Amino acid sequence: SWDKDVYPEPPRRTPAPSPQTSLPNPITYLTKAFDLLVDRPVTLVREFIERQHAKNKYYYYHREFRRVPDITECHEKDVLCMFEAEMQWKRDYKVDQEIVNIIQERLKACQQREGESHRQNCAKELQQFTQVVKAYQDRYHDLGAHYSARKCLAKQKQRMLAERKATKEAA
Amino acid sequence: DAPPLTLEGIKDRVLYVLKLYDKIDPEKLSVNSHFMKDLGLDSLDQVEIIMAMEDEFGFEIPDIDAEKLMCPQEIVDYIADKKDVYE
Amino acid sequence: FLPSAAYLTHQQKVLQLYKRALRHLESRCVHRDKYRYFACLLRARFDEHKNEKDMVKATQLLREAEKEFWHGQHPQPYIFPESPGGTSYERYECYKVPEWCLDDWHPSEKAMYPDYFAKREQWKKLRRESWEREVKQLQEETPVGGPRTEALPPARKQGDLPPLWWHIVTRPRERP
Amino acid sequence: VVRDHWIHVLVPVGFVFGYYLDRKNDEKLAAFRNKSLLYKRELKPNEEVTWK
Amino acid sequence: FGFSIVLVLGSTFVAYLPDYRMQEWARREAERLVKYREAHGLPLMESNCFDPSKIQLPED
Amino acid sequence: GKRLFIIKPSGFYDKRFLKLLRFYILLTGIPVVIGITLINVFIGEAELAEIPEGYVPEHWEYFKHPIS
Amino acid sequence: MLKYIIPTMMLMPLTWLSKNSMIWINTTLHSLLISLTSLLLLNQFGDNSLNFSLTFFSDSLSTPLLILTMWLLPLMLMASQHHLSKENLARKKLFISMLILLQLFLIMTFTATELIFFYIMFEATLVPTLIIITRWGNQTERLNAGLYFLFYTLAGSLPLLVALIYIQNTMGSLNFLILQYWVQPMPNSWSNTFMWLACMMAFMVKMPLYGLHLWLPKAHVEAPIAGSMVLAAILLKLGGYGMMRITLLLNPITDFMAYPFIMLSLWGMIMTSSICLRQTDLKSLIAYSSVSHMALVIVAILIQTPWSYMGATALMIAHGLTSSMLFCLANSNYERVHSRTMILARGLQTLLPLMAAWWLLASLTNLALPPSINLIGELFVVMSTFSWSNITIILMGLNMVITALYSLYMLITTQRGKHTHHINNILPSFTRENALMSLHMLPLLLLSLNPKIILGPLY
Amino acid sequence: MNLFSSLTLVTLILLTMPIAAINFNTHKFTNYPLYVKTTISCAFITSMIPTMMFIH
Amino acid sequence: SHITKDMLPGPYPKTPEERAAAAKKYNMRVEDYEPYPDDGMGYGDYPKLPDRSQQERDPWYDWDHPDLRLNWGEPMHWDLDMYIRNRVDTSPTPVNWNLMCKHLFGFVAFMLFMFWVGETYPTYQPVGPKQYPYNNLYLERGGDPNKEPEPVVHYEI
């Protein structure tokens with residue numbers, strides 16, 4: 001399985017055929033042939049593997065963390081503080097990359113399930129895609145290659161200062 | 001892609017397609033017979049001979065060997081050189 | 001530019017123009033019957049002044065005939081599928097392996113082909129045994145200080161093989 | 001057999017020697033054994049260490 | 001010692017090795033955080049990733 | 001005399017190299033792949049469980065695959 | 001990595017005190033031991049780099065280069081016989097120990113935490129290869145070639161020392177980590193211009209740039225085979241590695257003064273693909289090919305983009321493998337015909353029948369065949385530079401076209417069409433040479449399957 | 001549905017086999033064209049089916 | 001191992017002795033041995049040839065080398081690296097040169113001129129628009145599922 005919380009799926013809508021023919025039905029003959037040929041021993045191999053690993057078990061977990069406080073709660077030098085701040089920041093950056101990955105995967109799914117109803121029931125998912133990617137363009141984009149953490153925060157002050165003065169004069 | 005070829009067969013074929021030509025007699029046609037010396041047929045029509053036998057066997061003999069054969073036996077020699085027919 | 005002499009001749013140049021014009025006419029003039037007609041026409045046009053004893057008249061009309069030949073040549077003539085430029089032109093160069101090789105085979109493979117390799121051994125001894133005396137003697141004596149030709153005489157002196165036979169005779173079969 | 005050829009014995013012993021020197025360097029740089037903020041837990045419950 | 005114990009053992013050691021750049025860790029963590037920001041109602045990936053209440057702008 | 005002797009360059013050095021190459025990769029190609037087949041047919045990966053309370057995990061046993 | 005360093009020292013004296021006819025086996029065996037031994041290093045996990053006390057560290061910018069060098073050593077050594085095999089026992093032990101000491105300085109250079117140490121070990125890389133190419137330079141102006149090499153590498157690399165002492169006494173110590181942390185921008189004065197010009201100029205000479213790329217061809221046509229491979233792969237990709245290090249500082253002035261270097265590299269990359277289209281002298285064409293690939297590398301390093309850095313280190317590793325292979329095949333052909341010219345060695349489809357397959361495979365790796373790592377590198381360079389200037393794709397694609405052209409031309413020129421029927425001295429291919437072929441290209445394709453190792457720190 | 005997926009995947013993967021076969025043979029298929037002919041015949045008969053299911 | 005004196009320093013002068021020694025050094029015709037002249041372009045004292053060399057030299061002369069059209073003592077022309085067969089076939093042209101280039105560029109210009117005529121004069125058939133139902137197909141353009149209807153309808157003829 002997986003988490004349908006994070007990976008939503010639409011309700012299944014399967015139509016039913018209706019012959020109205022006397023061929024009679026070659027493709028049903030062949031799909032029953034495929035199931036009764038391939039599907040039995042592969043399921044039995046699955047059963048064998050399940051039991052033989054169901055003798056004894058292992059366990060893997062998810063690595064969870066604490067929270068080191070801030071970068072603006074570190075001073076001008078503070079190597080034993082800035083290090084914690086940057087590593088926490090860079091791990092946030094990596095998991096945000098995978099956030100954008102998952103949203104793009106949802107967009108691919110929306111293109112594929114709709115077929116040629118492109119402009120219906122993909123406004124929601126493409127719209128939230130544009131929202132998160134507007135956020136990502138604003139926040140993590142125009143910083144270049146050698147990001148440390150401080151270039152991000154200088155960008156942060158630059159952006160909010162410029163938009164503050166622009167909405168100040170245009171208020 | 002490899003037909004059977006003999007010296008006798010190719011010699012008789014060259015002598016055949018010589019003997020079909022008009023202004024030489026079928027009478028005095030010899031395997032040893034100089035086209036220049038003792039038959040008296042012209043060198044120009046000897047190059048017509050060269051042209052037609054080239055066209056039959058399907059490869060150009062060069063201009064530099066369009067000079068110095070003058071007899072059917074050396075013609076069989078040069079065609080056996082191009083075709084590599086010995087056993 | 002020929003292995004016998006330097007000058008070609010008047011007659012050789014006339015004759016090569018004849019072969020080229022007739023071959024071009026083959027390419028231009030399909031169905032072969034109107035070709036045969038025009039071949040007699042070309043042979044007659046050479047026979048219009050075959051009677052010329054002159055030399056400057058012959059080469060002047062030959063030059064005008066070269067103008068006339070290049071005037072009506074053909075783009076892709078019927079060149080043979082063995083002639084250079086043609087369709088094959090070492091088509092079957094896929095297995096023209098040179099004959100100096102086969103010395104470097106593993107002795108299992110030379111155990112596979114016994115009698116042929118014994119025959120190549122006695123050929124190679126026939127080469128080496130008959131290289132010193134007759135060939136080196138005829139390459140001392142018969143070359144003049146200027147050789148001045150691209151063709152050697154055979155060993156008509158007394159006995160065995162003419163010189164330089166090896167990489168002339170022992171050429172591949174042109175046939176895989 | 002080893003005194004026959006002592007040739008190929010040099011660099012594996014050199015590698016194990018260097019690995020011991022790295023472990024001694026770990027012991028010599030044994031500062032802040034649990035003195036981070038993000039990696040900071042209780043020394044518990046087996047025996048009196050957190051990493052070697 | 002050049003082709004057998006080296007090449008294919010290196011290939012098995014590198015075709016699967018631990019999670020380089022914390023990757024599947026980051027997969028599961030991004031999945032659970034998307035679950036978090038969906039089930040809590042608040043929008044995902046807000047800007048000002050550092051605290052906008054904790055800022056000082058030197059003005060004119 | 002239909003058949004003739006065509007001239008191969010040489011075969012045995014080339015075939016000997018390729019033979020030794022595939023054999024002395026295969027010498028630990030079969031045992032390694034069959035060994036890891038025995039791994040994922042006997043021991044299997046792990047369960048997807050979570051960190052319990054009152055627990056100090058090692059830095060291994062965060063990993064699915066047992067060889068890793 | 002000191003557990004990897006002390007067998008690099010102690011791999012030397014065995015080669016001295018080994019008996020005769022036995023140095024070869026011992027060196028090869030222990031080299032492959034250390035190859036796996038430092039292949040075990042690869043646990044660069046996630047956020048940080050991995051450190052060892054005050055001397056050693058590892059990004060992903062250094063670990064595949066390290067594994068590449070220790071992979072190179074048996075290849076390096078095993079190519080390097082049969083032209084000095086009949087020479088003396090003492091001189092041969094001297095040669096092999098010289099290569100080993102060279103690689104020890106290389107590993108010191110690739111794991112250089114500090115930068116003054118990096119300069120010292122940089123010219124420690126410089127010095128032994130001089131001795132090797134000058135004792136066994138194989139041709140008539142090895143004098144000239146070694147001299148150009150030594151004076152270009154010093155007189156480029158020397159003011160880098162003064163610039164690094166200037167950075168030393170303006171920002172404390174020269175650890176890579178503090179320079180990640182205590183960096184501050186250095187504006188568009190002229191002092192920053194000269195400092196950037198000094199550091200980047202030293203590395204421009206190392207790559208080489210096109211403005212001083214006459215350094216390279218003499219240094220390859222008059223070198224032995226082990227020196228050729230080490231020179232090309234490890235020295236040029238080490239120069240790129242050093243630029244990748246010290247470009248972390250000096251952010252804003254490279255926006256100004258990065259313009260003429262990228263220009264010179266682009267147009268001279270095209271002129272270099274022009275120059276290796278028409279020359280003779282089969283060995284030198286790969287040298288100019290390496291000039292063009294390193295110009296591509298240089299564009300990638302100065303445009304300062306994460307795509308660019310990933311594709312750049314990919315192009316480093318792939319071009320190191322392909323160039324070392326193609327030098328080895330050039331050595332095989334010169335073992336055959338003793339010529340080094342191109343129009344003499346012709347044909348060779350029947351003769352050496354499976355050598356052609358490795359020639360073809362190398363020319364396709366230099367093609368940018370698409371699943372190969374070469375095309376991953378060149379493609380991400382093109383993506384980054386098209387984000388950078390949006391019209392520069394003309395020279396990138398024209399480089400691609402002429403690069404494929406000359407690579408396939410050198411393929412079908414030497415080894416396609418007709419044996420010249422006077423040779424009498426080609427031998428069927430030795431098991432050593434084909435063993436080196438499999439040493440080159442099987443790890444390349446197994447890298448091509450799972451290339452998530454070799455990408456840059458901005459992964 | 002699993003059938004259509006497995007049938008398209010075998011119409012790809014039933015082509016890979018003969019190349020790896022001759023790289024792992026060391027012996028001579030003199031009837032190597034017959035081998036290639038029968039694997040292309042298998043590929044065509046497993047590729048005529050899922051198109052019919054597709055338009056079905 | 002080779003004689004230093006059979007290499008090629010300097011240009012042509014002096015005209016008796018250096019021409020004599022170079023003509024005996026390269027084995028050509030003596031007075032037709034050409035310097036370039038001393039153009040200062042490097043080039044030493046190396047000869048100049050009639051520049052075509054490969055689709056001349058017909059293969060029935062039957063010299064030594066198979067495809068270089070070479071015979072092991074020849075001037076080895078300076079621009080042979082551009083002249084090899086498979087690279088530049090300097091055949092005698094079947095028509096001309098000026099005739100070829102002028103007719104080709106003129107035909108391309110003629111076709112592109114009438115292409116501009118096609119770009120300015122379209123064709124069409126006596127046809128109006130289609131009749132899309134929802135205000136020229138709303139909700140299958142960009143969207144706005146609850147915001148912007150613009151009422152414009154279809155009328156029959």
# chains A, B, ... in the order shown; residues from 1 in each chain; ligands from 1

call {"tool": "closest_atom_pairs", "arguments": {"of": "chain F", "to": "chain C", "cutoff": "12 Å", "atoms": "only C-alpha atoms", "output": "Markdown table"}}
result
| residue | atom | partner | partner_atom | distance |
| --- | --- | --- | --- | --- |
| F:3 | CA | C:176 | CA | 10.7 |
| F:4 | CA | C:176 | CA | 9.1 |
| F:5 | CA | C:116 | CA | 8.9 |
| F:6 | CA | C:176 | CA | 6.5 |
| F:7 | CA | C:97 | CA | 6.4 |
| F:8 | CA | C:97 | CA | 7.4 |
| F:9 | CA | C:102 | CA | 6.6 |
| F:10 | CA | C:105 | CA | 5.8 |
| F:11 | CA | C:105 | CA | 7.8 |
| F:12 | CA | C:106 | CA | 6.4 |
| F:13 | CA | C:106 | CA | 7.8 |
| F:14 | CA | C:106 | CA | 11.0 |
| F:15 | CA | C:106 | CA | 11.5 |
| F:16 | CA | C:106 | CA | 10.9 |

call {"tool": "interface_residues", "arguments": {"of": "chain C", "to": "chain B", "cutoff": "8 Å", "atoms": "only C-alpha atoms", "output": "short mmCIF file (atom, residue, chain, number, x, y, z; two decimals) with C-alpha atoms, in the first residue's frame"}}
result
data_model
loop_
_atom_site.label_atom_id
_atom_site.label_comp_id
_atom_site.auth_asym_id
_atom_site.auth_seq_id
_atom_site.Cartn_x
_atom_site.Cartn_y
_atom_site.Cartn_z
CA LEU C 2 51.81 5.04 -68.94
CA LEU C 15 41.13 5.70 -79.73
CA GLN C 16 40.37 6.67 -76.13
CA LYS C 19 35.83 4.42 -76.50
CA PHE C 80 30.08 -0.98 -65.00
CA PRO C 81 29.46 -2.48 -61.58
CA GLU C 82 33.10 -3.54 -61.41
CA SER C 83 34.85 -0.45 -62.79
CA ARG C 173 41.35 -14.34 -55.07
CA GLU C 174 39.18 -11.17 -55.32
#

call {"tool": "residues_around", "arguments": {"residues": "stretch 23-39 of chain H", "least_positions_apart": "5", "cutoff": "10 Å", "atoms": "only C-alpha atoms", "output": "list in words"}}
result
residues 15, 18, 19, 22 and 23 of chain F; 14, 15, 17, 18, 44 and 45 of chain H

call {"tool": "write_last_selection", "arguments": {"atoms": "C-alpha atoms", "output": "tab-separated table (two decimals), in the first residue's frame"}}
result
chain	number	residue	atom	x	y	z
F	15	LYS	CA	38.48	-16.00	-28.56
F	18	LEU	CA	36.79	-13.23	-24.58
F	19	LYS	CA	36.65	-16.70	-23.03
F	22	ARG	CA	33.45	-14.02	-19.43
F	23	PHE	CA	34.77	-16.92	-17.34
H	14	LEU	CA	11.62	-10.16	-25.76
H	15	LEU	CA	14.04	-8.28	-28.04
H	17	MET	CA	17.61	-11.57	-25.22
H	18	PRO	CA	19.56	-12.72	-28.36
H	44	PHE	CA	4.66	-9.79	-33.33
H	45	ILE	CA	2.16	-12.27	-31.97

call {"tool": "interface_residues", "arguments": {"of": "chain I", "to": "chain C", "cutoff": "12 Å", "atoms": "only C-alpha atoms", "output": "VMD selection string"}}
result
chain I and resid 55 to 64 66 to 67 85 89 91 to 96

call {"tool": "atom_distance", "arguments": {"atom1": "atom CA of residue B:56", "atom2": "atom CA of residue B:39"}}
result
23.2 Å

call {"tool": "interface_residues", "arguments": {"of": "chain A", "to": "chain G", "cutoff": "7 Å", "atoms": "only C-alpha atoms", "output": "list in words"}}
result
residues 87, 90, 91, 144, 145, 146 and 148 of chain A

call {"tool": "write_last_selection", "arguments": {"atoms": "N, CA, C and O atoms", "output": "PDB file, in the first residue's frame"}}
result
ATOM      1  N   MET A  87      22.789  23.440   8.860  1.00  0.00           N
ATOM      2  CA  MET A  87      22.443  22.060   8.552  1.00  0.00           C
ATOM      3  C   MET A  87      20.944  21.842   8.643  1.00  0.00           C
ATOM      4  O   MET A  87      20.361  21.145   7.797  1.00  0.00           O
ATOM      5  N   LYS A  90      19.575  23.407   5.433  1.00  0.00           N
ATOM      6  CA  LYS A  90      19.819  22.677   4.200  1.00  0.00           C
ATOM      7  C   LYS A  90      18.979  21.413   4.140  1.00  0.00           C
ATOM      8  O   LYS A  90      18.536  21.012   3.053  1.00  0.00           O
ATOM      9  N   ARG A  91      18.706  20.791   5.293  1.00  0.00           N
ATOM     10  CA  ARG A  91      17.791  19.659   5.274  1.00  0.00           C
ATOM     11  C   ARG A  91      16.367  20.096   4.961  1.00  0.00           C
ATOM     12  O   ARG A  91      15.637  19.370   4.257  1.00  0.00           O
ATOM     13  N   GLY A 144      21.664  31.389  -6.652  1.00  0.00           N
ATOM     14  CA  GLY A 144      22.898  30.888  -7.212  1.00  0.00           C
ATOM     15  C   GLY A 144      23.320  29.550  -6.630  1.00  0.00           C
ATOM     16  O   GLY A 144      22.507  28.755  -6.160  1.00  0.00           O
ATOM     17  N   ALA A 145      24.629  29.318  -6.656  1.00  0.00           N
ATOM     18  CA  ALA A 145      25.204  27.999  -6.459  1.00  0.00           C
ATOM     19  C   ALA A 145      25.753  27.793  -5.057  1.00  0.00           C
ATOM     20  O   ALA A 145      25.354  26.858  -4.365  1.00  0.00           O
ATOM     21  N   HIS A 146      26.661  28.655  -4.620  1.00  0.00           N
ATOM     22  CA  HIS A 146      27.265  28.515  -3.299  1.00  0.00           C
ATOM     23  C   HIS A 146      26.354  29.096  -2.214  1.00  0.00           C
ATOM     24  O   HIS A 146      26.679  30.079  -1.549  1.00  0.00           O
ATOM     25  N   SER A 148      24.905  29.198   1.410  1.00  0.00           N
ATOM     26  CA  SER A 148      25.392  28.777   2.714  1.00  0.00           C
ATOM     27  C   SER A 148      24.247  28.709   3.720  1.00  0.00           C
ATOM     28  O   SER A 148      23.806  27.611   4.057  1.00  0.00           O
TER      29      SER A 148
END
